[PDB]
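Remarks on the structure that follows.
Just so you know, all these numbers are worked out from the coordinates, no wet-lab data involved. Reconstructed Cβ throughout: ideal geometry from the backbone, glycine too, with neighbour counts over all protein chains shown.
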Amino acid sequence: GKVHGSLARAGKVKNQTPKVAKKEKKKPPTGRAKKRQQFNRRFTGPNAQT
Amino acid sequence: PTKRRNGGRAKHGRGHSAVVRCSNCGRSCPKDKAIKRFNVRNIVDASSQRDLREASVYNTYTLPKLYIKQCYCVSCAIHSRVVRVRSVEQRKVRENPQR
RNA sequence: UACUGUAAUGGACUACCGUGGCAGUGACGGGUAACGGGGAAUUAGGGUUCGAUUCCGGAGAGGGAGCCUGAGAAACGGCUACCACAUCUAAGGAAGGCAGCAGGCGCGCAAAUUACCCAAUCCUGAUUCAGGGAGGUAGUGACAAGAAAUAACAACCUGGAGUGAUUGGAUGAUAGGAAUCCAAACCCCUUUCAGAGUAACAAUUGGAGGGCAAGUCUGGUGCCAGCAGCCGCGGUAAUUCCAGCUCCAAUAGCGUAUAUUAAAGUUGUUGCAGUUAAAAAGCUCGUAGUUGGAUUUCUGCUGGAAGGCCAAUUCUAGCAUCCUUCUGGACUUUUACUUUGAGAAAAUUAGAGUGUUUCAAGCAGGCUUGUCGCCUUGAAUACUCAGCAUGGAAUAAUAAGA
RNA sequence: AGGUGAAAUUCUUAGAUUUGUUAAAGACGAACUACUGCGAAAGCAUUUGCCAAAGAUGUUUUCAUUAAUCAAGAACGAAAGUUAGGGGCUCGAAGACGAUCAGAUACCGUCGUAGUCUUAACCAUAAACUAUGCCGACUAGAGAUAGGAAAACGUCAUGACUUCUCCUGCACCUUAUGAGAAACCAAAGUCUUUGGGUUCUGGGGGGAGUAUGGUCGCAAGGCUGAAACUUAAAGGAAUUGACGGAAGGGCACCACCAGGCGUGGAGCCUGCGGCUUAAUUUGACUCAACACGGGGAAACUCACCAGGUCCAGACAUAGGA
RNA sequence: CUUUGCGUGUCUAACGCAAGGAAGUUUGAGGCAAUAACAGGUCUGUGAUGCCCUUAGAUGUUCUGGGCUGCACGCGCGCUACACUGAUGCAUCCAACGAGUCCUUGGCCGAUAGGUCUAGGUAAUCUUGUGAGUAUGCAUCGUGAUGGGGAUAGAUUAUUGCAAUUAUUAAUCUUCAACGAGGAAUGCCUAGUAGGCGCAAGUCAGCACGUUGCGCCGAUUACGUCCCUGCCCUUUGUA
RNA sequence: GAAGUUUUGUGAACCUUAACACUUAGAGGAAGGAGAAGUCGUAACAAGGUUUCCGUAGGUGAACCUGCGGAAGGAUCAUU
C-alpha cells in the first residue's frame, strides 16, 4: 500500500454523529430471577418489529 | 480425460511404430495413426473414357487402373472432409461405411 | 604382561609388546527457546504435546582451577590464586559473593511484605531446658479450584398459569459487641444490640447478514470514516459502520493475543492417498532390510476332583505297548509367545469406607451418665518395555540331517 | 522451366525443364503392414551365411526351497548436444535474400553451414505414457488372434484348410446387488463387512526445481534441494447456455444472386451533434437515437431566459380586531 | 377440397406439372400474438406512484416581451433538378379514400389572390358524378447551362389573427447561382408489386417539401442459393 | 618445626595462528511479488485463425519462433 494516504479525516463519524443520552428505566432482575422471566414468556421470532 | 480408450493410434505391445509422411500436409505422423485410404481408380473418369473406346487400336482394351495409397495427418483429413467428426456414442463403431 | 596409584576394580597411570576398537540397526559431528524420572493437559480405542516448579536422583553457588580440616567436601553463609565486576582508605592498605528470607536497580508481555513466632512439623547440640527466614502464621493476590446473594409471597388487567413501581406486611452485605480461635493478633463457626422498599445495597461482558443463538426497527454517515477471525457490508433508502431502543448468549465473571490438544481418516500401526485432482524411479540386476509353500502322537473308551444349573464348562489320571539316576530334579534342541507368581517408595491417578452443613477436599470418625470406655476401629486394593521365575499340546523362529 | 492463395528471388537458346541409355555417390527399405510379432525398457522391417542368447509349448527326466520385493551399489537408456577420426545424397536449428503485413527477425517460397549417416568415447534426460510399481490368490461369459501341443475312418495333396480342447501372448466386445467424484474400469473388483508380501512417492496454490552447499559432467547441464515474503482459492469430472475464421441440416430481397429505382454529389426543406447566447427548455445515440416524443413552436403551448403579479397556503392552536 | 389426368414417395405424409375454373403459393393482403427476458425508452400522456427537492424574495400560477428558427463546420430522412420519351401554350376527356354546425355551389366585381349578395347541407339527398395529374391531340422552341434549372434578392396587392419584424402563407413583376447522372460506401423491392403521377384525411386561426390511407399509368428480372450479412435445430470444442 | 629453596605433577589466566559457528556493512548486478489505472504487441483458450504439448538445440524488442524425436491431454477410436 501507498504510505502517503492522508490522516486528516480520521475521526469523522465519531465526531459527526448526534449525541443522545440513555433513558432512565427500572432495572432488570439478575441471576435466578432473570431465568424465571425467560422461562415463562417463551412457553406462554422473539424480536418482531413493526 | 481420455477422449479415446485407444488414444487413436491403435498400438499395443510395441513402444515404437513405423512412420509415414502425410501426402498433403508433409507431417510426420506414426503409421498406425495415419488414416489411410487406398484409392484405386481408372485414369479417365467414366464419362470421358468412351472416347478411348471409340478412338483406339485393338478390338476392346481394358483401361488400366491407377493404384495409390494415400496417407493423411488427421488435420489434413478433417480439413479435406475424409473423416470430419462424430458423436460420443457413435465414435465407437469401427466398421466400413461404403463396403 | 609387570609395576605404580586408589578406600578398593580398572589405560586410572607408567614402561615395554601386539594392531586392534566403533559404524548403514545412523558411528563421529551439529541443533535444542533439553537437567532426567515419578507425573501434567488432552472426553472411544490408538495417540499427540508438556514436565524450571511439592517427592526421588543429578549438577551449581559470578567465571574457571587448587586445597586444608574431617567419618564424609574438591565445601563456597571455609580458605589460596588469576580473570570479570565492585566497597572503604588518612592512599601505606584492608575487606566482598542474596541461583537462602524479605527488599531495591536492571531486563522485560510477565511475578507479593525490608512483617510476627518457634506454638505445630522436624532437625542439630554437651541436649526434658538452648537454637532454626528449615518450617508455620498473617499481609498483597479475579494465576487458579469449590460453594452461591442481587429477591420471595399476598390480596386487588390477558382468561385460557403469566403480567401490572397499585399499595401490603412478613435474611446477610454492612458497622460494633460477646465468647471461641490464635504463640500474639486475624478469618471461619456460634449468639447478639442496630441493619432495604424505585431492595440507589441499582451486573456486567460480548453480540443481533451467514457460519452462530438474536431485529426486512429508528436517526446520522455516503467505497468517506470504520467494521470484517473467513465469506463479505459502505458509491444518499446500510438486516454488518457510528448511536438509540428492543432482544439473544454466558454470568461474578466475560472478551482479546500467543503457544498447545481435539476437530485432523489434513501424517493414517489401528487408519488416508498416488489413470485424469498433490504423487509409481525410463528400465533390469542387486547387497543388507522386510516376508517366505505343504509335511513329523492324532483319535477312542473307562475313571477322579471340581462345577455352574434347573449333565454343560474347567482341570486331571489311566489303558492301546509311554523315560529313567533316586526318595521333590535330571533328561525332552533353544528362545519368542501366553499364563500365574516374585520383587518394585510414596504423592498424583482410578478406587473401598465416611453427611468436611453441600462441594473441591480431608483421612478422618461413630456409638455412649461411663472413669483400666468400647467398635479385639479405620486409613482397603489396583496401577509401577527390559530383568528374574514358572504351567502349556498351537503358532513362528532356531538347532540337527546310537 | 520453378514455385504460390497470387507472385517474386532462383535456373535458362554458351540449350534449361521434359525424352532415353548408362556410370558414381551416399542415404533409406515403399506397396505387402494388421486394434499382428519379437525385445528388460530405449527399440527392432531387403537377401544369404556365421556367432552366441531368449520365451512359450511338450516331458511317468533332474536338484529339492535354492524364493518374492529390493536402502546402498551396478548395467543398458530414443531425439538433441559434446569430443576425435571417416563420410557428406537428401533434408535442414543458424544465416541469406524474395513475398505477405500496419510492422513479420514468423507462417509461404528459393538457396543453405552445423547436424542427419558411421567407428571410438561421453552425456543420462523425453507427454521415456498403459500419464495405472513388482510377485500371488480368487472373481464372467462369447467370438477373434499369435506361438506350441493332442484328438478326427475330417476335406483336398511331411504341409495347407475345416471342427474341437489345452495352456502362453498382445488385445477386443458385452455386462455387473463389484468399484468410482464422475469420465470410465476383468482391473481402478474382492477396502468402514477397513490387515496376502514388499519397493518408491505425495500433504492448499505460488516463491521454485530457483538460492546456497554438496556430488557427477569436457561443456551443455544432471542428481540432491531450502527459506524470507506471498495468497483464498489453485486443481479434477461432468451439466446448462453463449461463442467458434468446426461439421451436417433447413431458412429471409430487413441477405446476396439476376435486375429495377435510389441515396451519398448539387441547391433547398427538416432532425441531431457541436460552435454561439441573457435564453438558444429537454429526452433518445449500431440494427432497436437522428420529418422520432403524433415535436408543421409568432403569443398561447413552455419545460428556457430578463421582468412583473396572485395565493387560488386546507385545517388545527393563537394573538389582533 | 390442391377436385380430375400424368409424374414423383416405405407411393404413408405430401410435392411438381398440365387441363379445367372467377380464383389452385394456406387464393391475395392485414389484424391477433406464447415462454423467457433487456438494469431498452417513457416520472415531460395521466388524479399510476415511493423517496427526495422546494413551497411566497417560488421550481406553484399567470401577464408583457424574447427564445426553441440563433451559424467557421460534420452527420440522417425527404423534395425539385440536370432536359427533346422533354419544357411551354392551346384543346380533349377519366378515378377512389375521405371530410363538414364548418364544407361551399349560384350571380355580379377583380389580370391575380380574393371579396360581396343570395343559396343547399346534420349529409348515398348539398358541396360532388369533388370534370385529379402522369396521359392523348395540335402548335412554337433546337442542344445553347437555353425557353432545362428556380435557389438567392428588391418592390408591390390580398388573406388568417388581438399582434406577422427573424419576413405564417397566396399572388404580380423582376433578380437567373449551383447542378451536364453524382467519389468511396450503402438502402428499398418479386405483380396491379417497383417506380412515377396526383387526391384526401391527421396535427390546424393561419402554414406540408412530413406521416397515414386512396386510387390512376404500369414495366425490367428471379421462381434459385447459402458466398457476404444475420437467423433456427442437431453433433462437436472451450481456460 | 618456621621462613627460604630443588625437581616434579595438578594447572587458572593471557597471547599468536588457524578453523568452525552466529550476527552484520557494501558501490554495482539481478530475481520474485505487490500497486492501480501506463506503453508495445497477440501467445494461449474455437482447427484461437501456423492444432496443443514434451525433451533437446539455435535465434529474436517481448510474448515467442524454427530444427530433430516423441505424446494425445487431438481436430481421427473407422474403408483393398
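When you look at B:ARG86, is it closer than 24 Å to B:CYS29 by Cβ, surrounded by 10 or more Cβ atoms within 10 Å (Cβ to Cβ) and more than 14 Å from the chain's Cα centre (by Cα), yes or no?
It is true that B:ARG86 is closer than 24 Å to B:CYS29 by Cβ, surrounded by 10 or more Cβ atoms within 10 Å (Cβ to Cβ) and more than 14 Å from the chain's Cα centre (by Cα).
So how many residues does the stretch B:76-99 have that are within 12 Å of RNA strand D (Cβ to nearest atom) and either assigned to a loop (DSSP other than H, G, I, E, B) or more than 20 Å from B:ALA10 (Cβ to Cβ) (or both)?
15
Where in the stretch B:26-75 are there strands (runs of 3 or more DSSP E), lying fully within it, with 2 or more residues that are over 25 Å from B:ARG99 (Cα atoms)?
Qualifying strands (runs of 3 or more DSSP E): B:28-30.
Residues in the stretch B:36-49: is at least one within 11 Å of RNA strand D (Cβ to nearest atom), more than 14 Å from chain A (Cβ to nearest Cβ) and surrounded by 11 or more Cβ atoms within 10 Å (Cβ to Cβ)?
Looking for residues that are within 11 Å of RNA strand D (Cβ to nearest atom), more than 14 Å from chain A (Cβ to nearest Cβ) and surrounded by 11 or more Cβ atoms within 10 Å (Cβ to Cβ), one finds at least one in the stretch B:36-49, hence yes.
Kindly establish whether B:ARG21 is surrounded by 10 or more Cβ atoms within 10 Å (Cβ to Cβ), within 9 Å of RNA strand F (Cβ to nearest atom), within 30 Å of B:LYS92 (Cβ to Cβ) and charged (D, E, K, R).
No; evaluated as a whole, the condition is false for this residue.
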